[PDB]
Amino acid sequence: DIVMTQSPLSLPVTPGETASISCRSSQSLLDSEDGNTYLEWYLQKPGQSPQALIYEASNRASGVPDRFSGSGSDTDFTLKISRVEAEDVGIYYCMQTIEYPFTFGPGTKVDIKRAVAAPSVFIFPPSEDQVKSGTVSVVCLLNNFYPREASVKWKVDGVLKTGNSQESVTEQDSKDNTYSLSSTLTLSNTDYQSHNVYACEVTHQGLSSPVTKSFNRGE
């Protein structure tokens, strides 16, 4: 019933700078009788369980260093992280406990901000072994780029093909602070054999114009 919102969705921070993320509750989280404000903050690092950061709006959980701080009114809250480092990458959630049911905000993702880097693009045709199966996959790889936002279009004999692709993206790599992304186009082999040029077109802030990689079936 109490709705929790957070801002922004994603927050890039340069190393050693300060992250500030906000949370808003649709009702006051002040318990006017015991005088506390029941707002908690949690961090979930990639692939890990959530872990406690803040409780009662401004108190740090055990072992949490003082560069994490919580503040706010009774409805609008701020988590401040100073001297941001790679280990702080992940999703931050606020959660209210003034009233049952406990409710979470949607999460704000923090990553490390580096210079814009264009993807290296690769396209892979189906193997002869997959063709024998009756169903084939065409894979487009976008490698080591920043920021995370990127788009892929599939074209068959130059015509846009929608509806039969799925994408997958890596977490940010700590070695170079980049992302990678795959896009996979699934077709029947009879469809695949009925055309010739397969291409993926990639758009990203690092690229001055969209890049296309393609192959001709059989070549």
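All residue numbers are counted from 1 along the displayed sequence.
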query	finding
Which of 59-67 and 178-186 has higher mean CA B factor, as the PDB entry lists it	59-67
141-149 versus 124-132 - greater average Cα B-factor per the deposited record	124-132
Selection by C-alpha B-factor (highest) of 84, 117, 110, 94	117
Ranked C-alpha temperature factor of residue 154 among modelled chain residues, by third	highest
Ranked C-alpha temperature factor of residue 160 among modelled chain residues, by third	highest
B-factor third for the C-alpha atom of residue 76 within its chain	lowest
Residue 216 - Cα temperature factor, lowest/middle/highest third of chain	highest
Within-chain third of residue 26 by Cα B-factor, per the entry	middle
